[PDB]
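Everything on this sheet refers to the single structure shown next.
Here is the naming used below: chain letters follow the sequence lines, and residue numbers restart at 1 for every chain.
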Amino acid sequence: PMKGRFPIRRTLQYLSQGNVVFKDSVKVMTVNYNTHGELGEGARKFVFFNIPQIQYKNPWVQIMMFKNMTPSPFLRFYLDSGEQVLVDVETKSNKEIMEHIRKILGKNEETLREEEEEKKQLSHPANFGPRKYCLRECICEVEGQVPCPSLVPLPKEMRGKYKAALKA
Amino acid sequence: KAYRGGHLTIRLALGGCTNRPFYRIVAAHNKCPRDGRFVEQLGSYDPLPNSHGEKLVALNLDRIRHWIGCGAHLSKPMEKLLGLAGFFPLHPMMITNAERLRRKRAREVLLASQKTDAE
Amino acid sequence: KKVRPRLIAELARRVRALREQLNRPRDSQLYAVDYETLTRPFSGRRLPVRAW
Amino acid sequence: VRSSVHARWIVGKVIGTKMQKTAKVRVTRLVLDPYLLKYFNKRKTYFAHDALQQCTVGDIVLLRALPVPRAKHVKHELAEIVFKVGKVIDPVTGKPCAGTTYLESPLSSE
Amino acid sequence: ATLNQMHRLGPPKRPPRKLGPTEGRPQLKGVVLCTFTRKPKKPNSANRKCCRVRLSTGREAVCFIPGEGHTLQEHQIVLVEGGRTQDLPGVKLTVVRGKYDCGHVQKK
Amino acid sequence: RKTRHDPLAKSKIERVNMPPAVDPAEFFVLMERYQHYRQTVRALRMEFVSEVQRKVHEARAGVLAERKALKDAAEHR
Amino acid sequence: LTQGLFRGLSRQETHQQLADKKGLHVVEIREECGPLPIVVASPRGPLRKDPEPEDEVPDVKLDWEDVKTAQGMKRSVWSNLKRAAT
RNA sequence: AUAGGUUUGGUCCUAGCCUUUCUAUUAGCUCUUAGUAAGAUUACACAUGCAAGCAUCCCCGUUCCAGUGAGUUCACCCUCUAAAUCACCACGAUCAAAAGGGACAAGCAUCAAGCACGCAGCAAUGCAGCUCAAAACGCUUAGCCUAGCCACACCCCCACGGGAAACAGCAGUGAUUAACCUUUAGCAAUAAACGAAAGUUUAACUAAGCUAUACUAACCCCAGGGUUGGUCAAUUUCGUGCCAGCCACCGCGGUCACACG
RNA sequence: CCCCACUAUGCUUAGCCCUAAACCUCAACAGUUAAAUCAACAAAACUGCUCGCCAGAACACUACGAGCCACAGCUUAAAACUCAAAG
Ligand code: FES
Ligand SMILES: [K+]
Ligand SMILES: [K+]
Ligand SMILES: [K+]
Ligand SMILES: [K+]
Ligand SMILES: [Mg+2]
Ligand SMILES: [Mg+2]
Ligand SMILES: [Mg+2]
Ligand SMILES: [Mg+2]
Ligand SMILES: [Mg+2]
Ligand SMILES: [Mg+2]
Ligand SMILES: [Mg+2]
Ligand SMILES: [Mg+2]
Ligand SMILES: [Mg+2]
Ligand SMILES: [Mg+2]
Ligand SMILES: [Mg+2]
Ligand SMILES: [Mg+2]
Ligand SMILES: [Mg+2]
Ligand SMILES: [Mg+2]
Ligand SMILES: [Mg+2]
Ligand SMILES: [Mg+2]
C-alpha cells in the first residue's frame with residue numbers, strides 16, 4: 001500500500017479539492033499552532049489536511065509554520081500593500097478555518113469562472129494545426145473538400161506531372 | 001527570437017501535400033520562414049474547389065483589424081482576398097489584369113471570326 | 001551564469017569603427033563614373049539602363 | 001512602487017549577523033515532490049539591510065524588496081521583526097509569553 | 001524506506017547499460033589474422049571453427065564461423081555480428097555468411 | 001541564399017536586364033488607381049489604430065474598470 | 001493462486017447482507033442511467049432513521065498501482081493489449 | 001503484463017537471465033503497379049556549375065531564407081527600456097535587444113572543501129566575511145522543454161591579428177563507416193528582396209528524378225522468407241555416429257536423431 | 001593431532017593500534033492481541049513515527065584514490081572479462 005497515515009492526502013484528486021484561491025494581494029501566510037491542547041485541535045488538523053490543498057492552488061504564496069511559540073494558535077497573512085491580517089483560530093474546526101479565510105481573502109466563484117472562460121478563447125476551433133494545439137491539421141479532413149493524396153489519389157488532370165506532359 | 005529590424009505581416013502560409021495546396025492565414029514576422037513560427041492564425045484558404053464547386057476562405061476580421069492597427073502589413077495575394085470579400089477595395093492590378101484578359105479575348109475573336117469568314 | 005568575457009570582440013569592434021572614420025571613402029571616389037562603360041570604378045557596378 | 005526584484009514580501013529567520021548593517025536570513029518554502037506528492041521545505045538565503053543592526057540570530061523577520069539592489073546580493077530590507085528571539089509578544093492578546101505560557105496574565109489589563 | 005528517505009535519494013538511477021563487443025553497433029568490419037579451433041565446455045565435445053580478427057575500432061577479438069566448412073585465410077575481409085556462441089566461453093562474435101570474402105555455405 | 005562574401009557567377013557577368021515596355025494609357029490609369037487605393041487604405045489603417053489605442057487606455061483607465069476597482073477595494077475593507 | 005481465489009470469492013459480502021448489517025438502503029449509481037437511484041437491496045428488518053456520519057477524509061489504505069494509473073503515470077507497453085475473446 | 005520458461009533427486013520462498021508485444025537502423029534471401037511521406041555514417045577533405053540582386057545613379061538588400069549539431073544550463077517569467085513597424089510631429093500600441101531579479105539536463109561524493117568567492121561608506125577607508133553533505137568547487141556525457149527554440153558558421157571560445165585559403169547552401173565527389181538520393185526543370189503558385197508601379201531576381205519554394213524505409217490502394221497473369229523438441233503455431237524418410245554441426249533460454253548429437261544436413 | 005622443555009605474549013606503568021560469529025545476526029520511541037494469525041525453519045503475528053542499510057552470483061573484508069601516531073595496517077570502495085545460476 002501507500003506509506004504514511006491518511007495516504008489519500010498525497011493524491012492529485014485530493015489536492016485539487018481545495019476551494020481557497022487567494023487573491024493577488026496575499027503574499028505570505030504564517031501558521032502558528034500548538035502540538036497539544038484541546039483548544040488547538042482544529043489548527044493541527046488544518047495543518048495536516050488543508051495546507052497541502054492551499055499551497056497546491058497558490059504555489060507562489062509562501063507558507064511558513066511555527067510550533068509552540070504562543071499559548072494560542074492563530075493565522076497571519078502579509079499583503080503586498082503592507083497590511084497584516086490576523087486570524088485567531090482557537091476553538092474552531094479545520095473546516096471553519098478553511099471557510100473563514102475563503103471569505104475574507106479568497107476569491108469568489110464569480111471571479112474564477114471568468115478567468116477560465118478567457119482560456120477557452122485561446123483554442124479557436126476554426127484554426128488548423130497540430131493535434132496538440134488544434135483539432136484538425138489540414139482541411140482535407142473536412143468532408144466535401146479534396147482528400148489527401150496519400151489516401152485518395154488525385155485525378156491525372158490535377159497533378160503537375162501530367163499538366164506539364166499534356167502541355168508539352 | 002529577435003530579428004534586426006523587420007515588422008509584422010499578414011501573409012499566406014502554404015500547407016498540404018503534393019498537388020493539394022492549403023494556405024493558412026497567419027500574422028508572422030517579416031523575416032520568419034513561410035511555414036515557420038507565427039504570432040496568430042487569422043484564417044485559412046482552400047484553393048481547390050469542393051464538391052459544391054466553391055472555394056472556402058475563413059477570416060478572423062476582429063483580429064485582422066487588430067493587427068492592422070498595431071503596425072502589420074499585408075501581402076499582395078492577401079490584399080486580393082480582402083478585396084474579393086468586400087473588406088478592402090479591389091486591388092488595382094485585379095482590375096487591370098481583367099482588362100488585359102478582355103482585350104486578349106477580343107483579339108482572339110477576330111482571328112477566329114476571320115478564319116470562319118475568310119475560310 | 002557568469003559569462004566569460006570576450007575582449008577581442010570589443011577590441012576589433014572599436015578598431016573597425018575607427019578605421020571606418022579615418023579611411024572612409026570620399027564622394028569623389030564613391031560617386032565617380034566611367035562614361036564609356038557606365039560603371040562606378042569604386043564598386044564596379046553598372047548603372048540602370050534608364051539612367052545611361 | 002514597482003521594483004526589479006522577484007520576491008517582494010518574504011518571511012525568514014536570522015541565521016547570521018556578522019556583516020555591517022546586514023542580516024543573513026533563511027527563507028523556507030513548501031515544494032511539491034512530483035512523485036510522492038508531498039510538500040517539503042526548500043530553504044534559501046537572503047541578504048537584508050538592517051540600518052540599526054537590531055536583528056538577533058534566531059528571530060523571525062519580515063523583508064521588503066528594494067526598488068533596486070543596493071549591493072550584489074542585498075535586494076531586500078528589514079521591514080519589521082515579527083518574533084523577537086525570547087521576547088515574543090502574543091499578537092492575539094498583546095502580552096509577553098515564554099512558549100505556551102503567559103509571562104503577564106492577560107487578565108491584569110482586563 | 002520512508003517518504004523522507006525516498007525524497008532525499010530521488011528517482012532510481014538506472015545503471016549505464018554496458019556495451020557489447022560490437023560497441024552498440026549491428027555489424028563490424030574486420031580483417032582475418034588466424035584460423036584455429038577451440039573445444040567447447042561440458043557436457044559437449046567438438047572442434048568449432050573460429051578466427052581471430054582485428055575490428056575497425058582497433059580491438060582484436062575471436063569470432064566463430066558458422067556453417068559446415070569455410071575457406072577463410074589471413075588478410076581476408078569479413079563482416080561480423082553479435083550472438084553468443086553458447087558452447088564456447090568468451091566468444092561473443094559471429095561471422096556473417098556470404099558477405100565480403102566469406103561465401104555462402106555450399107549446399108550439402 | 002548567398003552572402004556578401006560569396007562571389008558572383010561567371011554567367012551573370014555580361015548580363016543586362018532591360019526594363020519592360022510601357023503602355024502610356026494603362027500606365028497612367030494604373031498610376032492613379034494605386035494613388036486612390038492607397039489613400040482609401042491609409043484611412044482604414046488609421047481607424048483601426050485608434051481602436052487599439054482606445055481599448056488599452058479604456059482597460060487601464062476606464063469608467064467601468066475604475067468602477068470595479070473601487071468596489072473590490074471597498075469590499076476588502 | 002487457486003486456494004486463495006476460492007477463499008476471497010467465498011468471503012465476499014453481497015448487497016443484501018450489507019443492508020441487513022447496517023439497516024440501510026443500497027443504492028446503485030450508474031453513469032449510463034444518469035442520476036437515477038436504483039435500489040438493489042433493502043433491509044428486511046427495521047430501517048434505521050439516522051444516516052451514516054459523513055467522513056471528511058477516509059482513513060483507507062490505498063494501492064500505489066491504482067493511484068498511479070488514475071494519474072496517467074503507469075506506463076507499460078504490455079497493458080491494454082488487443083487479445084482474443086475470453 | 002492476464003503473464004510464461006529456467007536453479008533441485010524433489011518441494012516452497014527469493015532472485016537474476018530469457019521468451020511473448022510494439023518501433024528504428026543495418027545485414028542475408030527475395031521483390032509487380034500506383035499515390036503519399038521520409039531520406040550521408042563522419043563539425044574529415046573537396047574538381048566543376050549554380051544559390052542576391054533591385055533600381056533614373058543615392059539608398060535599401062545580400063545580418064533574411066537555407067544548413068549543421070561542434071559546443072552547451074544565453075531559450076521561460078517579471079522589471080526597466082533602445083532599435084524597428086504603425087506615411088510623418090506627438091501619442092500610445094505592437095514587437096523586442098541590452099541591463100536587473102527569479103527559474104531551468106543527466107551521471108560520478110573514490111570531485112569535500114572552493115580560495116577572495118563578502119558587506120558598509122558620498123569619499124577616504126573600515127570590518128572580515130561569502131558559498132558548501134538540503135551537495136559548493138570540479139570531472140564526464142548530451143543539442144533542447146519541438147507550431148518550434150538555442151548554438152555554431154574552417155581553426156585560435158572572440159577575430160583587430162594569426163594559421164591559412166574553407167560546400168555544416170543545392171547537385172555532386174574523395175576518404176571513412178554496418179550506414180551510400182539526380183552534378184533535374186521552372187519562378188506559374190506561396191514567401192522574401194528591390195521598385196511609385198508595370199515588373200525583375202531567388203538550388204527558398206513549387207513540380208519532377210532515385211531508394212521496399214514507412215503508410216494507403218489494387219492487381220487476369222505474377223511469392224518468397226523463416227520456422228516445425230519444449231516455452232511456441234507446425235515433420236515423413238534417409239545420411240551422419242559427442243564426428244560434422246545446431247540453440248533466444250532449457251539443451252540436441254556416443255550407430256533406434258520429431259533438435260544436425 | 002600425543003609427551004617434555006623453553007621464549008614472545010598473557011600482568012603493572014606511560015602511549016599507540018581501533019579489529020571480531022563486536023551475533024540475543026532480530027534498530028530507537030509509542031502502542032496492540034482482535035482481524036486475513038501465519039510460505040518454511042527459527043524466538044507468534046501486527047500498527048504508528050523516524051533514522052540507518054540492502055537491490056543476481058562471482059570478481060571483492062580486492063585495485064585505484066583519499067584520510068589516519070596506523071607502513072606486511074585499518075576505514076571508505078569500484079571496474080573489465082565470466083556464468084544461468086547462486087542462495
Ligand atoms: S494532409 Fe491534408 S492534403 Fe495531405
Ligand atoms: K552433448
Ligand atoms: K534599390
Ligand atoms: K550539439
Ligand atoms: K550469536
Ligand atoms: Mg535558420
Ligand atoms: Mg536579455
Ligand atoms: Mg578510484
Ligand atoms: Mg555532442
Ligand atoms: Mg519529391
Ligand atoms: Mg538415423
Ligand atoms: Mg533438422
Ligand atoms: Mg615470559
Ligand atoms: Mg595472550
Ligand atoms: Mg560478545
Ligand atoms: Mg550486525
Ligand atoms: Mg538509532
Ligand atoms: Mg552483487
Ligand atoms: Mg577484516
Ligand atoms: Mg584494503
Ligand atoms: Mg591504497
Side-chain angles (χ1 to χ4, degrees), chain A residues 5 129-130 132-133 148-151 153-154 160-161 164, chain B residues 1-8 11-14 17-19 21 23 29-31 33-34 36-38 67 69-73 75 77, chain C residues 1 3-4 6-9 11-12 15-16 31 33 40 47-48 50-51, chain D residues 2-7 18-22 42-43 68-69 71-75, chain E residues 2 4-5 8 13 16 25-29 44-46 56 68 79 81 86 89-90 96-99 108, chain F residues 1-4 6 9 11 17 19-20 22 26-27 30-31 34 42 45 49 52-53 56-57, chain G residues 76-79 81 83:
Chain A
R5 211 189 324 97
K132 170 176 188 180
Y133 309 99
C148 185
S150 307
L151 306 169
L154 295 171
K161 191 171 170 181
Chain B
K1 188 174 190 186
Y3 281 113
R4 154 176 182 286
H7 47 83
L8 287 178
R11 57 197 191 186
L12 301 176
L14 175 62
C17 306
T18 309
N19 301 305
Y23 308 93
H29 279 98
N30 178 40
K31 304 301 180 177
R34 187 186 67 188
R37 171 182 56 90
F38 57 72
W67 289 113
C70 291
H73 297 229
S75 63
Chain C
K1 188 65 175 183
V3 181
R4 181 185 183 186
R6 290 186 169 180
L7 305 177
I8 300 179
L11 172 57
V15 169
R16 286 192 318 261
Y31 310 123
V33 62
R40 302 199 168 290
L47 303 179
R50 286 183 179 172
Chain D
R2 300 200 162 187
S3 184
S4 60
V5 179
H6 186 73
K18 280 169 180 175
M19 289 171 291
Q20 292 184 7
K21 307 195 197 71
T22 297
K42 181 190 174 183
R43 57 195 185 186
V68 296
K72 172 175 184 174
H73 285 285
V74 183
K75 298 163 295 195
Chain E
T2 65
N4 295 358
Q5 294 178 334
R8 287 192 59 197
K13 299 160 183 164
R25 305 170 66 180
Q27 299 89 21
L28 281 178
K29 194 176 179 182
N44 290 337
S45 49
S56 295
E68 294 180 346
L79 187 68
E81 63 184 347
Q86 296 95 319
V96 174
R97 272 293 188 176
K99 188 60 151 179
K108 315 189 181 188
Chain F
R1 287 184 85 171
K2 293 199 192 184
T3 59
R4 318 187 181 185
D6 290 318
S11 301
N17 62 320
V22 165
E26 178 170 293
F27 177 98
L30 174 60
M31 177 159 52
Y34 277 104
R42 274 191 176 186
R45 178 169 295 267
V49 166
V52 175
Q53 294 176 336
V56 164
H57 179 267
Chain G
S76 188
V77 306
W78 297 100
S79 294
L81 285 187
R83 303 173 178 264

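With its ring centre under 5.5 Å from that of the base six-membered ring and a plane angle below 30°, A/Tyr133 counts as stacked on H/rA147.
Here H/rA112 and H/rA113 show unstacked bases; the six-membered rings are not both centred less than 5.5 angstrom apart and angled under 30°. Under a stacking criterion requiring six-membered ring centres under 5.5 Å apart and planes under 30°, the adjacent bases H/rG241 and H/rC242 are classed as not stacked. In this step of the strand, H/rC158 does not stack on H/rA159, since the centres of their six-membered base rings are not under 5.5 Å apart with ring planes meeting at under 30°. The neighbouring residues H/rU79 and H/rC80 form a stacked base step, their six-membered rings being less than 5.5 angstrom apart at the centres and less than 30 degrees apart in plane orientation. For the consecutive pair I/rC11/I/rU12, the pyrimidine-type rings sit with centres less than 5.5 Å apart and planes less than 30° apart, qualifying as a stack.
For H/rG148, neither phosphate oxygen OP1 nor OP2 lies less than 4.0 angstrom from any side-chain nitrogen or oxygen of B/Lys1. Look at D/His73 and you won't find any side-chain N or O under 4.0 angstrom from OP1 or OP2 of H/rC119. Taking 4.0 angstrom as the limit, D/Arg2 places a side-chain polar atom (N or O) nearer than this to OP1 or OP2 of H/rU79. Remark: B/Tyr3 is in phosphate contact with H/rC65, judged by side-chain N or O atoms under 4.0 Å from OP1 or OP2. Taking side-chain N and O atoms only, F/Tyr34 has no distance below 4.0 Å to OP1 or OP2 of H/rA196. Under 4.0 angstrom from either OP1 or OP2 of H/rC127 there lies no side-chain N or O belonging to D/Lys18. Distances shorter than 4.0 Å separate some side-chain N or O of C/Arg40 from OP1 or OP2 on H/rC58. Considering only side-chain N and O atoms, E/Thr2 lies under 4.0 angstrom from the phosphate OP1 or OP2 of I/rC51. In this model, the phosphate group of H/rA193 is approached by a side-chain N or O of B/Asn30 to a distance below 4.0 Å at OP1 or OP2. The phosphate of H/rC50 has OP1 or OP2 within less than 4.0 Å of a side-chain N or O from F/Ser11. Considering only side-chain N and O atoms, B/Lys31 lies nowhere under 4.0 angstrom from the phosphate OP1 or OP2 of H/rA191. The shortest distance between the side-chain N/O atoms of E/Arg25 and the OP1/OP2 oxygens of H/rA178 is below 4.0 Å. For H/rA191, one of the phosphate oxygens OP1 or OP2 lies less than 4.0 angstrom from a side-chain nitrogen or oxygen of B/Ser75. Between B/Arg4 and the phosphate of H/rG61, there is a side-chain N or O to OP1/OP2 separation shorter than 4.0 Å.
With respect to the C1'-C2'-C3'-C4' torsion, H/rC77 shows a north sugar, the value lying on the positive side.
Taking a pair to require two hydrogen-bonding distances under 3.5 Å in either a Watson-Crick or a G-U wobble arrangement, I/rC51 remains unpaired. With both pairing distances under 3.5 Å, H/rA15 is matched to nothing as a Watson-Crick or G-U wobble pair. Pairing for H/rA70 is absent, with no Watson-Crick or G-U wobble pair whose two atom distances lie under 3.5 Å. Using Watson-Crick or G-U wobble geometry with both donor-acceptor distances under 3.5 Å, H/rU110 finds no partner in any strand shown. Pair check for H/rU176 finds none; no Watson-Crick or G-U wobble contact set falls under 3.5 Å. Across all strands shown, H/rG126 pairs with H/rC119; the Watson-Crick or G-U wobble distances both stay below 3.5 Å. Nucleotide I/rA66 forms a pair with I/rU75, judged by Watson-Crick or G-U wobble geometry with both contacts under 3.5 Å. H/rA191 and H/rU202 make up a base pair, with Watson-Crick or G-U wobble contacts both under 3.5 Å.
You'll find that the side chain of C/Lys1 is closest to H/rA103, out of H/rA103, H/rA147, I/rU50. Side-chain proximity of F/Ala9 to H/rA147, H/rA51, H/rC57: nearest is H/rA51. For F/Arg45, taking side-chain heavy atoms from C-beta onward, the closest of the listed nucleotides H/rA159, H/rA189, H/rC86 is H/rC86. Closest to the G/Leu81 side chain, of the nucleotides H/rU21, H/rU202, H/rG121, is H/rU21. Of the candidate nucleotides H/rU177, H/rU202, H/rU190, H/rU190 has the atom nearest to the side chain of B/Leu12. Checking H/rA198, H/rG126, H/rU56 against the side-chain heavy atoms of D/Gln20 singles out H/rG126 as nearest. With distances taken from any side-chain atom of D/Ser4 to the nucleotides H/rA1, H/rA120, H/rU79, the minimum falls on H/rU79.
Evaluation of atom-type donor-acceptor distances gives no pair under 3.5 Å for the side chain of B/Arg11 against the base of H/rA191. The base of H/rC157 lies close enough to the side chain of C/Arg6 for a donor and an acceptor atom to sit less than 3.5 Å apart. For B/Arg34 and H/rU190, a side-chain-to-base donor-acceptor distance below 3.5 Å is present, hydrogens and geometry of angles not being considered. No hydrogens or angles were tested; on distance alone, a donor-acceptor pair under 3.5 Å links the side chain of E/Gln5 to the base of I/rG52. One donor-acceptor pair, N or O on each side, does fall under 3.5 Å between the base of H/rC242 and the side chain of E/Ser45. No donor-acceptor contact under 3.5 Å links the side chain of B/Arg37 to the base of H/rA147.
Taking the nucleotide of RNA chain H with the nearest heavy atom to each of C/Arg4 and A/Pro130, the more 5' of the two is matched to A/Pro130. The residue among E/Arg8 and B/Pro21 whose nearest nucleotide of RNA chain H is located toward the 5' end is E/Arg8.
Between B/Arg11 and B/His73 the shortest side-chain heavy-atom distance does not fall below 4.5 Å. Using a 4.5 Å cut-off on side-chain heavy atoms (C-beta onward), B/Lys1 and B/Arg37 make contact.
Judged by distance alone, the side chain of F/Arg45 and the main-chain N or O of B/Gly71 form no donor-acceptor pair under 3.5 Å.
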B/S/- along nucleotides 41-46 of chain H (protein heavy atoms under 4.0 Å) is ------
At under 4.0 Å between heavy atoms, which parts of nucleotides 22-36 of chain H does protein reach? Answer with one letter per nucleotide, 5' to 3': B base, S sugar-phosphate only, - none.
---BBSSS-----BS
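Between D/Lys75 atom NZ and H/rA99 atom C1' the separation is 16 Å, expressed in whole Å.
Looking at heavy-atom distances under 4.0 Å, A/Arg5 makes contact with sugar-phosphate atoms alone, never a base. Residue B/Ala2 is in sugar-phosphate contact alone, with no base atom involved, counting any heavy-atom pair closer than 4.0 Å across all strands shown. Nucleic acid contact for B/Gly69: none, since no nucleic acid atom lies under 4.0 Å from a heavy atom of the residue. Within 4.0 Å of G/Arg83, counting heavy atoms only, lies at least one base atom of the nucleic acid. F/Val52 comes within 4.0 angstrom of the backbone, heavy atoms only, and of no base. Contact annotation for D/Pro69: backbone-only contact, meaning every heavy-atom pair under 4.0 Å involves sugar-phosphate atoms and none involves a base. Here C/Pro48 lies in heavy-atom contact (under 4.0 Å) with a base. Contacts of E/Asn44 with the nucleic acid, taken as non-hydrogen atoms under 4.0 Å apart, include base atoms.
Nucleotides H/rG49 and H/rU211 are not base-paired: the Watson-Crick or wobble atom pairs do not both lie closer than 3.5 Å.
No more than 12 heavy-atom neighbours from other residues, nucleotides or ligands sit within 6.0 angstrom of NZ on D/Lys18.
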